[PDB]
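Chains as they are written, first to last, in the authors' numbering: chain B, 305 to 458, 470 to 548; chain A, 306 to 460, 463 to 549; chain D, 687 to 696; chain C, 688 to 697.
All C-beta atoms, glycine included, are put in the ideal place defined by N, C-alpha and C.
First the structure, in the form of structure tokens, and then the observations on it.
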Ligand SMILES: Cc1cc(C)c(B(c2c(C)cc(C)cc2C)N(CC(F)(F)F)c2ccc(O)cc2)c(C)c1
Ligand SMILES: Cc1cc(C)c(B(c2c(C)cc(C)cc2C)N(CC(F)(F)F)c2ccc(O)cc2)c(C)c1
């Protein structure tokens, strides 16, 4: 209700505030990597990241206005996406690599220990270099996260749409503040939102051979990761 | 270079680049089975794909790309493009989906194909979305050419690969221009323009999801050997598994 | 009642 | 190479 009257700037501060930190991984650089150990570290990483995410979500303006079921659904649809945007962002300053954790920065040929990974690796790296060349901003980054959350599932169908129009407003505000022409603001808004398509696609691919990387049981995946994974497919 | 086009010129060249609506193998003389349904849609698509290449070649800037880049994008977007095309078709047919004027389906006629109804309802919702936003023919074409140029843009080595990507980004920037120019002419507030633009492009990620799940079942069908895919349709799939 | 269900109420 | 061929057509 009261989320709709948040000004552009109360929403920017509101999101930067709710930002999860960057986690370390159960990582022993002694043991080389296999399919098993490589899945060990990421599901451990993402397991923990999931818990911050759930809490992040609730500080997403207007999110707690949705009935329990709605909130479940969105997180069930966007979790991997959000993981992947976050990962692409902290991987920005490291070309050719992927900063899973500060202690786990991976390059391309290490996605080979797991089949189907390397391909998603290339897509992520690609997005990372799109973020770089576009010079995405922290304040822009958290808005996209908000969009992903609220758009992955998408009176009750209106509320979220209003919030979505608020985040657009906000994104626009930031490009305005940066000193962009009306023609640059609209072009960048388009370039931002089309990256989301790609993120969606990355999320769908990972879900595929992570539903089969569950059958081909190379690693235990927590009860939550399974829960998230089974209601997606 | 097609950068040198006004918004108007962009629209016209897209509206007359448009592919023709095709018909399904008509008078069906057999009840619907999973095999039969999937034969109608697969025959349809396979034929639609030939005119998509044609339509693609006529999307400003597309031809300025090199063959492998053109293959990549088309290989990447064919089913999204098919599905937006569908959604648009079924515009004035609420609760139905006009795959062809003589194949107008509602949701109970997906009940037989593992995975259909689910995908069907998403496509139904999108139709509702467009109706509600009253998407326009001139916006529609812009959306679809976005999907073409955007879906495989990222998926870089020396300025040949690099400058090739500034190029489709120019072209894409143009479609944005021309999308706002359309929204303004329809007399929308500048605040309504950026909100409209955003909502429209957000549906593009729902289309992506459409295609991906559709591709998934399309693979499941192939290996279950339910329907005989064309050689072209064989390669369109095999790009999404390699 | 679902892992993700209770973690949103905690 | 069906796709590839088809685009190569003048
Ligand atoms: C619990 C879990 C979650 C993910 C998203 C991943 B994967 C994943 C990968 C890499 C490959 C396959 C074949 C399957 C998965 C799930 N993943 C994909 C990427 F590396 F390709 F990008 C990932 C991304 C971000 C993150 O914070 C944690 C993991 C894994 C291995 C385990
Ligand atoms: C060659 C081919 C291509 C598509 C997209 C489809 B499917 C498709 C269907 C119906 C179900 C499954 C499980 C998978 C697919 C690919 N399809 C899905 C929908 F109807 F559910 F939306 C479709 C969409 C647009 C179009 O012009 C033609 C077909 C089929 C059956 C065959």
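In this structure, residue 388 (chain A) has its beta carbon at no less than 7 Å from each heavy atom of ligand 1. Not one heavy atom of ligand 2 falls within 7 Å of the beta-carbon of residue 337 (chain A). When secondary structure is reduced to three states using DSSP, residue 404 (chain A) falls in the strand class.
Counting the other CB atoms within 10 Å of its CB gives residue 433 (chain B) a total of 16 or more, which places it among the buried residues.
The way I'd put it, the segment 344 to 364 of chain B does touch the segment 375 to 383 of chain B; three or more beta-carbon pairs between them come closer than 8 Å. Ranked by Cα distance from residue 327 (chain A), the options A:526, A:353 and A:493 are led by A:353. Taking a contact to require three or more Cβ pairs closer than 8 Å, the segment 439 to 455 of chain B and the segment 480 to 487 of chain A do not qualify as touching. Here the distance from the Cβ of residue 424 (chain A) to the nearest heavy atom of ligand 1 is not below 7 Å.
Taking residue 367 (chain B) as reference, the option from B:313, B:402 and B:305 with the minimal CA-CA separation is B:305. A direct Cα-to-Cα measurement between residue 443 (chain B) and residue 470 (chain A) gives close to 28 Å. Put simply, the CB of residue 539 (chain A) is near chain C, with a gap under 8 Å to one of its CB atoms.
The beta carbon of residue 521 (chain B) is closer than 7 Å to those of 384 and 424 in its chain, skipping five residues each way along the sequence. Interface annotation, residue 358 (chain A): in contact with chain C, CB-CB separation under 8 Å. Nearest in C-alpha terms to residue 430 (chain A), of all of A:445, A:398, A:456 and A:492, is A:398. Remark: the shortest separation between the CB of residue 347 (chain A) and any heavy atom of ligand 2 falls under 7 Å. In the three-state reduction of the DSSP assignment, residue 453 (chain B) falls in the helix class, which pools H, G and I. For ligand 2, no non-hydrogen atom lies closer than 7 Å to the CB of residue 398 (chain A). One thing to note: residue 474 (chain A) has its Cβ within 8 Å of the Cβ of residue 369 (chain A). Among the CB atoms of chain C, one or more fall inside 8 Å of the CB of residue 379 (chain A). CA-CA distance, residue 459 (chain A) to residue 427 (chain B), rounds to 7 Å.
Taking non-hydrogen atoms of ligand 1 into account, the C-beta of residue 421 (chain B) is found less than 7 Å away from one of them.
Identification of chain D residues near residue 542 (chain B) by a Cβ-Cβ cut-off of 7 Å yields 688, 689 and 690, ordered along the chain. Note on the segment 415 to 446 of chain A: whole alpha helix (DSSP H) runs with a minimum of 4 residues are 421 to 438, in chain order.
Using a CB distance cut-off of 8 Å, residue 509 (chain B) counts as an interface residue toward chain A.
Looking at the DSSP output, residue 410 (chain A) shares a beta bridge with A:402. When Cβ-Cβ separations below 8 Å define contact, residue 536 (chain B) makes no contact with chain D. Chain-ordered, the chain C residues with CB closer than 9 Å to the CB of residue 372 (chain A) read 691, 694 and 695. With a contact defined as Cβ atoms closer than 8 Å, residue 320 (chain B) and residue 446 (chain B) qualify at about 6 Å.
Taking each of B:421, B:390 and B:402 in turn and checking the Cα distance to residue 441 (chain B), the smallest one comes out for B:390. The beta carbon of residue 316 (chain B) is closer than 6 Å to those of 443 in its chain, skipping five residues each way along the sequence. A Cβ of chain C is located within less than 8 Å of the beta carbon of residue 376 (chain A).
Taking C-beta atoms as the reference points, residue 525 (chain A) and residue 689 (chain C) fail to come closer than 8 Å.
Of all alpha-carbon atoms in A:467, A:419 and A:329, the one lying nearest the alpha-carbon of residue 528 (chain A) is that of A:419. Taking 8 Å as the upper bound for CB-CB distance, residue 516 (chain A) and residue 335 (chain B) are not in contact here, some 37 Å apart.
With contacts defined by Cβ atoms closer than 8 Å, residue 508 (chain A) and residue 508 (chain B) form a contacting pair. In chain order, 380 and 522 place their CB closer than 7 Å to the CB of residue 547 (chain B), counting only its own chain and leaving out the 5 sequence neighbours on each side.
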